[PDB]
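Below: the structure, in structure tokens.
None of the figures in this text is laboratory data; all of them are computed from the coordinates on show. In this analysis, Cβ positions are derived from the backbone assuming ideal geometry, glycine residues included, and neighbour counts consider all displayed protein chains.
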Amino acid sequence: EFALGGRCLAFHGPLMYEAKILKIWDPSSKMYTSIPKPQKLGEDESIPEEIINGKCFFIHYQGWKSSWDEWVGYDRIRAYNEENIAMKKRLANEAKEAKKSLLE
Amino acid sequence: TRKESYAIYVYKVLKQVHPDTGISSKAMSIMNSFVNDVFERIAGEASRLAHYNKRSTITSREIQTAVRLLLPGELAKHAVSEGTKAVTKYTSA
Amino acid sequence: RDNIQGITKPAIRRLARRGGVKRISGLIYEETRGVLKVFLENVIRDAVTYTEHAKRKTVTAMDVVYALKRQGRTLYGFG
Amino acid sequence: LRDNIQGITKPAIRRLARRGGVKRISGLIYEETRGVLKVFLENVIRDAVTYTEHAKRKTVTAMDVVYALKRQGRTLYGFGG
Amino acid sequence: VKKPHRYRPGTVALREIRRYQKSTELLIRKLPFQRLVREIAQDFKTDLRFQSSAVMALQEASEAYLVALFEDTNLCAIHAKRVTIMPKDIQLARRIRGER
Amino acid sequence: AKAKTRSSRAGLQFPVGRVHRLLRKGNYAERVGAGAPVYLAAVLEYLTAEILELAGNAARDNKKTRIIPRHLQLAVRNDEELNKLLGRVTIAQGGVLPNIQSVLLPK
């Protein structure tokens, strides 16, 4: 569901993407636990205030460059499971149909 | 033991043309190999020429002819010039 | 034993790139392997010939240079 | 001795190509062949004359031509050897 | 709407042609080439030792020969109004070179 | 009298005596002309000067103080007559001339 290195799913507009958790945020201690570990916010690591006080997660999207790592809060990231993949297929088909409507 | 090369003379020539330019050892080896290659090419050509004419001695004339045969155009002309002037200077000396 | 497969496709790709090739068929790699093998035997045979006539058990780079020289492919940088 | 390269007639070039196993010939070819042949002839004749003069002779012998060809890596048999 | 960046085909190829037409270092892995050379060096004699420099010279000469052959193949393929090399191009190149 | 090098008498930098010795030991002919090694050393020195000059030019163009094999290859291949002379010659770590066919260029 939500663990360091565990597979996680992340929303992005009308589409969803599988990501790998690297940092789990604990707002009370202002610390994220990372795997190559209680560590505070780094010199370049930073979380916006609207998600720094919630369960945030620093993730990399599989199939995408590491240049696109994101600090996503608990809002978009869901527990990795079968129904999540099913509604991933739902939004994939929604995008397919929207594009086909744009064309045809 | 000791092995001879052309490193010193090449170094001197380099200092003549480019009195400030260094060189790596590998370039030195390549230069030596090239010099040797030219040497054997020209020497074999001269010897073949001498045997062609049924003569016992390889003169500078044979080297001149061999250089003309092995070198293309302007290189041949300039090298012929160098050989001629050096020979004349040494003989006068 | 399939050291002929030690020449990976990426290496052949790099080699063609230095040769200035943009698009490569998939059948090329095996052809390259074969041609390279042919070349290698052709040189190594003569190299070993030289090494034997010298009554030696180790092949010296100088032998290789001689073999290349007698095959019309002069090499510098090794004496 | 001027404009003898045109002495190489087109039918001769056809015959050469046919012996080479060529079936269809462009018209823009013949001058190209003439130029290449002239280059080849110059290359051989230069060295042949070099051999002739280094012997301090006034006529060119075929044997010289054999030497010149050998030097160019194109060995010919049957002309004295 | 998020799309991943990717160059069009032929871009990376030209970049790599530029890159490898500039440097001079060897491209083949050393150990596989050495193993292949030793394996080939068995049908002529057994238990042969090698100076390392001999293997290096072999690698250099082989790579230079292959580069030249690659370039000739490229010229052949271009003459066939193509941009992709196919083995018949190599065969024609070697045939004209006289190796065949 | 004091020993004076024959190279100095010809005003060269290539050892004419070593050249003469090698000519004698090379089984090229029974007798070796006196003025031959001078001619050969002169020619060798001239060729060496030519290649060295071109290579130094190239190395300067690369803002480098020491000639490397790459500079040598570039100089030799860029020169017409030199490249023709070394037609069948391979230089280690020489690389190749950077050259891309036009038809492969984007258009």
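Eigenvalues of the alpha-carbon gyration tensor of the protein assembly as shown, scaled by 5 and square-rooted, set the equivalent ellipsoid semi-axes at 63, 32, 24 angstrom, largest first. Excluding B:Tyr90 itself, calculate the net charge of residues whose Cβ lies under 11 Å from the Cβ of B:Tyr90, where each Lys or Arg counts +1 and each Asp or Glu counts -1. So the surrounding residues net to +4.
Look at the stretch D:65-78: the mean tally of other chain Cβ atoms within 10 Å of its residues' Cβ atoms is 1.
Starting from the Kirkwood Rh over alpha-carbon pairs, what translational D in µm² s⁻¹ does the range F:1-83 have by Stokes-Einstein at 25 °C and 0.890 mPa s? The diffusion coefficient I find is 165 µm²/s.
Using only alpha-carbon positions, what ratio does the radius of gyration of chain B give when scaled by 2.2 N^0.38 Å? Rounded to two decimals, the normalised Rg is 1.29. Counted by neighbouring Cβ atoms within 10 Å, the residues A:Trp25, A:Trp68 run from fewest to most as A:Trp68, A:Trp25.
In whole angstrom, the range D:8-48 maps to an equivalent ellipsoid with semi-axes of 23, 11, 8, each derived as √(5λ) from the alpha carbon gyration tensor and ordered largest first. Please give the net charge around F:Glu45, taking every other residue with its beta carbon less than 11 angstrom from that of F:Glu45, where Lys and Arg add +1 and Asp and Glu add -1. Net of charged neighbours comes to -1.
Please compute the average number of Cβ atoms from other chains found within 10 Å of each residue's Cβ in peptide A:56-67. Other-chain Cβ atoms within 10 Å of each residue's Cβ, averaged: 1.
Spin-label pair F:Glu81-D:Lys56: with each label point 7 Å from Cα along the Cα-Cβ axis, the two points sit 2.9 nm from one another.
Modelled label positions at F:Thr65 and C:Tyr66, each set 7 Å beyond Cα in the direction of Cβ, lie 4.1 nm from each other. For a straight C-alpha distance cut-off of 14 angstrom, the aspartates and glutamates reachable from A:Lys89 (same-chain residues fewer than eight places away being disregarded) are A:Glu18, A:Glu97. The amide H of F:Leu86, built 1.01 Å from its N in the peptide plane, has no neighbour under 5 Å, considering only residues 5 or more places off or on other chains. Per residue of chain F, what 222 nm ellipticity follows from adding -39500 (n - 2.57) for every DSSP H run with n ≥ 4, rounded to the nearest 500? It lands at -16500 deg cm²/dmol. Give me the percent of Cα-Cα pairs in chain D that sit more than 20 Å apart, rounded to a whole number. It works out to 50 percent of all Cα pairs.
Between E:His79 and E:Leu31, what FRET efficiency comes out of the Förster formula 1/(1 + (r/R0)^6) with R0 = 35 Å and r the beta carbon distance, rounded to 0.05? Working from the Cβ atoms, E equals 0.40. What the phi angles of the range F:62-78 give under the Karplus curve with 6.51, -1.76 and 1.60, with θ = phi - 60°, is a coupling list of 8, 6, 10, 8, 10, 5, 10, x, 4, 4, 4, 4, 4, 5, 5, 5, 5 Hz, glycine and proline written as x. Report summary: the helix-based calculation at 222 nm, which adds -39500 (n - 2.57) for every DSSP H run with n ≥ 4 and divides by the residues of chain D, gives -18000 deg cm²/dmol. Equivalent ellipsoid of the range E:4-100: semi-axes from √(5λ) of the C-alpha gyration tensor, largest first, are 31, 21, 12 Å. Neighbour counts of C-beta atoms inside 10 Å place D:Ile29, A:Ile51 in the sequence D:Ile29, A:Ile51, starting with the fewest.
Close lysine pairs were tallied over chain F: pairs 8 or more places apart or on different chains with Cα atoms under 29 Å apart number 4. Pairs spanning more than 29 Å between alpha-carbon atoms, out of C:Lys9/E:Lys2; E:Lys22/E:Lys45; C:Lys69/E:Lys45: C:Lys9/E:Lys2; E:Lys22/E:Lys45. Under the simplified labelling scheme, the A:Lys89-E:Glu99 pair shows an inter-label distance of 5.3 nm, with each label point 7 Å from Cα along Cα→Cβ.
Helix F:36-61 axis versus longest C-alpha principal axis of chain F: approximately 30°, rounded to the nearest ten.
When peptides F:45-55, C:38-48 are sorted by average Cβ neighbour count within 10 Å, with the highest value leading, the order is F:45-55, C:38-48. Among the DSSP beta bridges whose two residues both lie in the protein assembly as shown, what percent are antiparallel, rounded to the nearest 5? Counting DSSP beta bridges with both partners in the protein assembly as shown, the antiparallel share is about 70 percent.
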